[PDB]
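Enquirer: Next up, upload-v8.txt (compact mmCIF, C-alpha atoms).
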```
# COMPACT_ATOMS: atom_id res chain seq x y z
CA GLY K 113 0.00 0.00 0.00
CA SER K 114 0.93 3.70 0.00
CA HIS K 115 1.68 3.67 3.77
CA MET K 116 4.40 1.07 3.99
CA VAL K 117 6.12 2.51 0.87
CA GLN K 118 6.34 6.06 2.18
CA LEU K 119 7.49 4.62 5.51
CA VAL K 120 10.23 2.69 3.78
CA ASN K 121 11.38 5.44 1.40
CA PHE K 122 11.49 7.51 4.59
CA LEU K 123 12.95 5.00 7.03
CA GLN K 124 15.70 3.88 4.63
CA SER K 125 17.48 7.14 5.45
CA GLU K 126 17.35 7.37 9.20
CA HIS K 127 19.82 6.04 11.82
CA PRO K 128 19.73 2.29 12.37
CA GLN K 129 18.48 3.34 15.84
CA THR K 130 15.92 5.82 14.55
CA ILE K 131 14.36 3.02 12.54
CA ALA K 132 14.67 0.74 15.57
CA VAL K 133 12.49 3.06 17.63
CA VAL K 134 9.80 3.71 15.04
CA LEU K 135 9.49 0.09 14.07
CA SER K 136 9.44 -0.74 17.81
CA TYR K 137 6.04 0.65 18.42
CA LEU K 138 4.79 -0.58 15.01
CA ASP K 139 2.55 -3.64 14.58
CA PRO K 140 4.79 -6.79 14.63
CA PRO K 141 3.87 -8.19 11.18
CA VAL K 142 3.93 -4.71 9.60
CA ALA K 143 7.24 -4.35 11.41
CA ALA K 144 8.69 -7.33 9.62
CA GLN K 145 7.39 -5.96 6.32
CA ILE K 146 9.36 -2.66 6.42
CA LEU K 147 12.17 -4.40 8.24
CA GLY K 148 11.97 -6.67 5.23
CA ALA K 149 11.81 -3.98 2.52
CA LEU K 150 15.19 -2.66 3.73
CA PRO K 151 18.59 -3.95 2.56
CA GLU K 152 20.39 -6.70 4.57
CA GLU K 153 23.04 -4.20 5.77
CA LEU K 154 20.45 -2.62 8.05
CA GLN K 155 18.03 -5.45 8.61
CA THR K 156 20.54 -7.24 10.76
CA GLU K 157 21.43 -3.92 12.31
CA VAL K 158 17.93 -2.46 12.90
CA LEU K 159 17.02 -5.86 14.31
CA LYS K 160 20.02 -6.19 16.67
CA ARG K 161 18.91 -2.76 17.99
CA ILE K 162 15.23 -3.39 18.15
CA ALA K 163 16.28 -6.15 20.51
CA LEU K 164 18.27 -3.87 22.80
CA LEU K 165 15.52 -1.25 23.62
CA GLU K 166 15.04 -1.57 27.41
CA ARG K 167 15.06 2.25 27.35
CA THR K 168 12.33 4.46 25.91
CA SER K 169 12.03 8.25 25.71
CA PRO K 170 8.78 10.32 25.82
CA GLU K 171 10.23 13.38 24.09
CA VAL K 172 12.19 11.85 21.24
CA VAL K 173 9.31 9.57 20.36
CA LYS K 174 6.81 12.45 20.52
CA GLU K 175 9.31 14.27 18.30
CA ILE K 176 9.66 11.59 15.62
CA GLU K 177 5.84 11.29 15.86
CA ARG K 178 5.30 14.98 15.13
CA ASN K 179 7.80 14.48 12.29
CA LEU K 180 6.26 11.58 10.37
CA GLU K 181 2.75 13.04 10.80
CA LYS K 182 4.02 16.00 8.73
CA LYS K 183 6.02 13.96 6.18
CA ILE K 184 4.21 10.60 5.82
CA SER K 185 0.60 11.59 5.00
CA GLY K 186 -0.88 10.18 8.24
CA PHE K 187 0.40 8.37 11.31
CA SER K 189 -2.07 5.80 12.68
CA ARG K 190 -2.87 3.62 15.75
CA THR K 191 0.56 2.27 16.59
CA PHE K 192 2.09 5.60 17.74
CA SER K 193 -1.27 6.96 19.06
CA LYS I 46 43.94 41.18 17.87
CA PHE I 47 43.92 40.02 21.53
CA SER I 48 45.59 41.10 24.78
CA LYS I 49 47.63 38.71 26.99
CA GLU I 50 45.44 39.95 29.86
CA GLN I 51 42.09 39.59 28.09
CA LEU I 52 43.19 36.06 27.06
CA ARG I 53 43.38 34.93 30.68
CA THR I 54 39.82 36.31 31.09
CA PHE I 55 38.38 34.03 28.37
CA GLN I 56 40.36 31.05 29.70
CA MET I 57 38.66 31.45 33.08
CA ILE I 58 35.16 31.73 31.57
CA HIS I 59 35.25 28.96 28.97
CA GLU I 60 37.17 26.67 31.28
CA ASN I 61 34.04 26.92 33.42
CA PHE I 62 31.83 26.29 30.38
CA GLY I 63 33.62 22.97 30.08
CA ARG I 64 32.85 22.04 33.70
CA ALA I 65 29.05 22.37 33.32
CA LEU I 66 29.41 20.92 29.82
CA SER I 67 31.34 17.91 31.09
CA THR I 68 28.46 17.35 33.51
CA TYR I 69 25.87 17.84 30.81
CA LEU I 70 27.33 15.40 28.32
CA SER I 71 27.71 12.90 31.12
CA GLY I 72 24.01 13.22 31.96
CA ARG I 73 23.09 12.76 28.31
CA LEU I 74 25.47 9.97 27.43
CA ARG I 75 24.65 8.10 30.70
CA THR I 76 28.34 7.44 31.49
CA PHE I 77 31.20 9.74 32.64
CA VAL I 78 32.43 12.30 30.05
CA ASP I 79 35.61 14.27 30.77
CA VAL I 80 35.97 17.65 28.96
CA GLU I 81 39.17 19.64 28.48
CA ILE I 82 39.09 23.27 27.32
CA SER I 83 41.69 24.71 24.94
CA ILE I 84 41.52 28.21 23.48
CA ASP I 85 43.45 29.96 20.72
CA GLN I 86 43.63 32.84 18.26
CA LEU I 87 43.22 31.97 14.61
CA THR I 88 42.32 33.44 11.27
CA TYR I 89 38.68 32.81 10.41
CA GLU I 90 39.90 31.12 7.18
CA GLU I 91 42.26 28.99 9.22
CA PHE I 92 39.45 27.74 11.42
CA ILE I 93 36.78 27.32 8.74
CA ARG I 94 39.11 24.93 6.90
CA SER I 95 39.91 22.79 9.95
CA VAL I 96 36.23 21.85 9.95
CA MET I 97 35.60 18.43 8.44
CA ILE I 98 33.06 18.16 5.64
CA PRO I 99 30.40 17.34 6.39
CA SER I 100 29.83 18.41 9.97
CA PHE I 101 27.17 19.91 12.22
CA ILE I 102 27.58 23.67 12.38
CA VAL I 103 25.31 26.10 14.20
CA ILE I 104 25.76 29.86 13.86
CA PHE I 105 24.19 31.75 16.75
CA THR I 106 23.85 35.12 18.39
CA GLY I 107 22.08 36.76 21.28
CA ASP I 108 20.06 39.90 21.93
CA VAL I 109 22.88 42.27 22.99
CA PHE I 110 25.24 40.70 20.43
CA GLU I 111 26.39 42.55 17.33
CA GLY I 112 27.35 39.87 14.84
CA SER I 113 27.22 36.08 15.18
CA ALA I 114 29.26 33.15 16.44
CA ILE I 115 29.76 29.54 15.50
CA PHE I 116 29.13 26.40 17.55
CA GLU I 117 30.44 23.45 15.65
CA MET I 118 30.32 19.81 16.74
CA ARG I 119 32.22 17.06 14.89
CA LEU I 120 29.82 14.46 13.49
CA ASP I 121 31.27 11.49 15.38
CA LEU I 122 30.19 12.91 18.73
CA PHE I 123 26.99 14.09 17.05
CA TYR I 124 25.96 10.65 15.90
CA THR I 125 27.24 9.00 19.07
CA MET I 126 24.94 11.30 21.02
CA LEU I 127 21.90 10.70 18.82
CA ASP I 128 22.38 6.97 19.20
CA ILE I 129 22.30 7.31 22.99
CA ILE I 130 19.29 9.60 23.44
CA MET I 131 17.25 7.15 21.40
CA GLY I 132 17.72 4.08 23.55
CA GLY I 133 20.74 2.75 21.72
CA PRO I 134 24.41 2.28 22.66
CA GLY I 135 26.18 4.37 20.01
CA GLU I 136 28.77 2.22 18.34
CA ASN I 137 28.87 3.42 14.75
CA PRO I 138 29.17 7.03 13.69
CA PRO I 139 27.99 7.33 10.02
CA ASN I 140 29.71 9.75 7.71
CA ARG I 141 26.80 11.71 6.23
CA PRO I 142 24.76 14.87 6.86
CA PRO I 143 22.09 14.49 9.58
CA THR I 144 18.43 14.33 8.55
CA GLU I 145 15.16 15.97 9.51
CA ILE I 146 14.76 14.35 12.95
CA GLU I 147 18.49 14.10 13.47
CA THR I 148 19.02 17.89 13.10
CA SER I 149 15.70 18.71 14.80
CA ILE I 150 16.53 16.52 17.81
CA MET I 151 20.10 17.65 17.94
CA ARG I 152 19.14 21.35 17.60
CA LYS I 153 17.51 21.42 21.02
CA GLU I 154 20.61 19.58 22.33
CA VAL I 155 22.94 22.42 21.33
CA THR I 156 20.52 24.96 22.67
CA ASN I 157 20.88 23.61 26.22
CA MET I 158 24.58 23.30 25.63
CA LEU I 159 24.73 26.84 24.23
CA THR I 160 22.85 28.15 27.25
CA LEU I 161 25.56 27.02 29.71
CA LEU I 162 28.02 28.93 27.56
CA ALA I 163 25.84 32.01 28.10
CA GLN I 164 25.93 31.23 31.81
CA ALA I 165 29.70 31.00 32.06
CA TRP I 166 29.51 34.50 30.55
CA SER I 167 26.76 35.84 32.83
CA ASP I 168 29.30 37.72 34.93
CA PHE I 169 30.41 39.81 31.90
CA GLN I 170 27.51 39.91 29.49
CA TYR I 171 24.39 37.88 30.05
CA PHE I 172 22.69 36.95 26.80
CA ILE I 173 20.02 34.63 25.65
CA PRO I 174 21.36 32.56 22.75
CA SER I 175 19.05 32.66 19.75
CA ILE I 176 20.33 30.29 17.08
CA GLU I 177 20.19 31.96 13.63
CA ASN I 178 21.07 29.20 11.15
CA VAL I 179 22.24 25.56 10.94
CA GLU I 180 24.42 24.29 8.07
CA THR I 181 26.16 21.01 7.33
CA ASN I 182 28.78 22.50 5.02
CA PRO I 183 31.38 24.98 6.36
CA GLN I 184 32.47 26.49 3.04
CA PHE I 185 28.89 27.86 3.14
CA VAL I 186 28.79 29.81 6.43
CA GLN I 187 31.26 32.70 5.93
CA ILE I 188 30.18 34.61 9.01
CA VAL I 189 32.53 37.60 8.61
CA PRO I 190 35.54 38.54 6.38
CA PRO I 191 38.08 35.62 6.13
CA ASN I 192 41.01 37.66 7.42
CA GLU I 193 39.57 38.54 10.83
CA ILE I 194 40.93 36.90 13.94
CA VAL I 195 38.85 34.61 16.13
CA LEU I 196 38.91 33.31 19.65
CA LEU I 197 38.41 29.61 19.00
CA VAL I 198 37.17 27.69 22.01
CA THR I 199 38.00 23.94 21.75
CA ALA I 200 36.42 21.36 24.08
CA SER I 201 38.03 17.89 24.20
CA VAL I 202 34.99 15.66 24.84
CA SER I 203 36.46 12.36 25.97
CA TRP I 204 35.20 9.03 27.38
CA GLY I 205 35.98 5.42 26.86
CA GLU I 206 38.37 5.06 23.91
CA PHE I 207 36.32 7.89 22.36
CA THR I 208 37.40 11.54 22.00
CA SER I 209 36.01 14.39 19.87
CA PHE I 210 35.85 18.19 19.75
CA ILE I 211 33.28 20.96 20.22
CA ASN I 212 34.32 24.35 18.86
CA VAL I 213 32.93 27.77 19.65
CA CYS I 214 34.05 30.44 17.26
CA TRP I 215 34.18 33.85 18.94
CA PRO I 216 34.98 36.49 16.29
CA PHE I 217 36.84 39.70 17.15
CA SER I 218 34.04 41.76 15.48
CA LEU I 219 31.77 40.61 18.30
CA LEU I 220 34.34 40.93 21.07
CA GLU I 221 35.45 44.55 20.40
CA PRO I 222 32.41 46.33 21.89
CA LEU I 223 32.47 44.48 25.22
CA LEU I 224 36.27 44.35 25.06
CA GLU I 225 36.56 48.13 25.58
CA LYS I 226 33.91 48.44 28.31
CA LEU I 227 34.68 45.42 30.50
CA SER I 228 38.40 44.75 30.25
CA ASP I 229 39.39 48.41 29.73
CA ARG I 230 37.74 51.64 31.33
CA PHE I 231 36.87 50.48 34.89
CA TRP I 232 39.17 47.47 35.12
CA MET I 233 42.02 49.60 33.71
```
Reformat the file's structure so that it appears as structure tokens.

Expert:
Amino acid sequence: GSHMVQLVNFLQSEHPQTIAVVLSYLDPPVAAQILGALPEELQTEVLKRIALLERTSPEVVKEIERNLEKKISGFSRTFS
Amino acid sequence: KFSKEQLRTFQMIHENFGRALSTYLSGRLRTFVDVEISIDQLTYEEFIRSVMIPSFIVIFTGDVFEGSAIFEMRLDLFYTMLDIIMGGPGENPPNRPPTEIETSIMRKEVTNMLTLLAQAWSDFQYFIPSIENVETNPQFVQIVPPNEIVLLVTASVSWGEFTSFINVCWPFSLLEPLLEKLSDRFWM
């Protein structure tokens, strides 16, 4: 769909960590999809990271949030 | 052109900026971060070239300030920091220009950082830093004529086997008005 694609074209750029956070909150199967539509250099990476997220920040998330929602044409449930 | 008296003034101030800075980076990075201040006089052209491309540069000013200064951070520390404040460890510093969130999240980080600088100065000239522009390429800033002299403040941010530099470029064309009032008529 149009969602996933914009999210990939967008996420491809960001820090392996930045992706790690976003995808963290995402829906697990939809997580694997994007995580899938990215090259193997980062998959392994983004995934090693997504594993090591004991931490969590309320201002960086709410920052990325207010950043997609004005780049990707509409952030849904997951981040809500 | 700077005095050998006025130089000792700036050493005292900025040395203090490194103390609060040391303690700020430590509270961000979550582990101890030692910071060593070094200061020197250099041509603006001589500084602007010692800046690696690309890097994270932030040209700022204040209310009572006539001109603008530079606050540059080398990308390795920059990306190491971003990694941390996002729930990650920070093991690989990529060599490219920071993105939308990257610069937007790091902007507020250099604002806090910049503030403490303004606080180490509070005894001489209080000012509220108001960041004018951010640029990833140095051969694009050109703050003031390339021949002018600058007070370059260098902060050796070290920890672990890691060690980077934070530079604050204090131009003479911003230091001349408060130079004459504070280090000259009543002091001398």

Enquirer: Return the neighbours of chain I among the residues of chain K, cut-off 12 Å, counting all atoms listed in the file, as an MDAnalysis selection string.

Expert: chainID K and resid 122:134 136 157:180 182:183

Enquirer: Save the residues we just selected, C-alpha atoms, as an mmCIF file, in the coordinates of the input?

Expert:
```cif
data_model
loop_
_atom_site.group_PDB
_atom_site.id
_atom_site.type_symbol
_atom_site.label_atom_id
_atom_site.label_comp_id
_atom_site.auth_asym_id
_atom_site.auth_seq_id
_atom_site.Cartn_x
_atom_site.Cartn_y
_atom_site.Cartn_z
ATOM 1 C CA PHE K 122 11.490 7.510 4.590
ATOM 2 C CA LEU K 123 12.950 5.000 7.030
ATOM 3 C CA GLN K 124 15.700 3.880 4.630
ATOM 4 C CA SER K 125 17.480 7.140 5.450
ATOM 5 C CA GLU K 126 17.350 7.370 9.200
ATOM 6 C CA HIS K 127 19.820 6.040 11.820
ATOM 7 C CA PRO K 128 19.730 2.290 12.370
ATOM 8 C CA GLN K 129 18.480 3.340 15.840
ATOM 9 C CA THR K 130 15.920 5.820 14.550
ATOM 10 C CA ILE K 131 14.360 3.020 12.540
ATOM 11 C CA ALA K 132 14.670 0.740 15.570
ATOM 12 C CA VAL K 133 12.490 3.060 17.630
ATOM 13 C CA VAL K 134 9.800 3.710 15.040
ATOM 14 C CA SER K 136 9.440 -0.740 17.810
ATOM 15 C CA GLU K 157 21.430 -3.920 12.310
ATOM 16 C CA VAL K 158 17.930 -2.460 12.900
ATOM 17 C CA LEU K 159 17.020 -5.860 14.310
ATOM 18 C CA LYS K 160 20.020 -6.190 16.670
ATOM 19 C CA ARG K 161 18.910 -2.760 17.990
ATOM 20 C CA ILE K 162 15.230 -3.390 18.150
ATOM 21 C CA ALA K 163 16.280 -6.150 20.510
ATOM 22 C CA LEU K 164 18.270 -3.870 22.800
ATOM 23 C CA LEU K 165 15.520 -1.250 23.620
ATOM 24 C CA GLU K 166 15.040 -1.570 27.410
ATOM 25 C CA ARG K 167 15.060 2.250 27.350
ATOM 26 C CA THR K 168 12.330 4.460 25.910
ATOM 27 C CA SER K 169 12.030 8.250 25.710
ATOM 28 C CA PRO K 170 8.780 10.320 25.820
ATOM 29 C CA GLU K 171 10.230 13.380 24.090
ATOM 30 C CA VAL K 172 12.190 11.850 21.240
ATOM 31 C CA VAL K 173 9.310 9.570 20.360
ATOM 32 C CA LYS K 174 6.810 12.450 20.520
ATOM 33 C CA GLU K 175 9.310 14.270 18.300
ATOM 34 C CA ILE K 176 9.660 11.590 15.620
ATOM 35 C CA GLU K 177 5.840 11.290 15.860
ATOM 36 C CA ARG K 178 5.300 14.980 15.130
ATOM 37 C CA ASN K 179 7.800 14.480 12.290
ATOM 38 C CA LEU K 180 6.260 11.580 10.370
ATOM 39 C CA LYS K 182 4.020 16.000 8.730
ATOM 40 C CA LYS K 183 6.020 13.960 6.180
#
```

Enquirer: So how far away is CA of residue 110 in chain I from CA of residue 163 in chain I, in Å?

Expert: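 Between these atoms lies a distance of 11.6 Å.
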
Enquirer: With only C-alpha atoms as the counted atoms, please give the residues lying no more than 12 Å from residue 187 in chain I, apart from itself and same-chain residues fewer than 5 positions off, as a ChimeraX atom specification.

Expert: /I:89-90,92-94,102,104,113-115,178,180,182,192-193,214,216

Enquirer: Which distance in Å separates CA of residue 96 in chain I and CA of residue 190 in chain I, to one decimal?

Expert: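 The value is 17.1 Å.
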
Enquirer: To one decimal place in Å, what is the distance between CA of residue 88 in chain I and CA of residue 191 in chain I?

Expert: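 The value is 7.0 Å.
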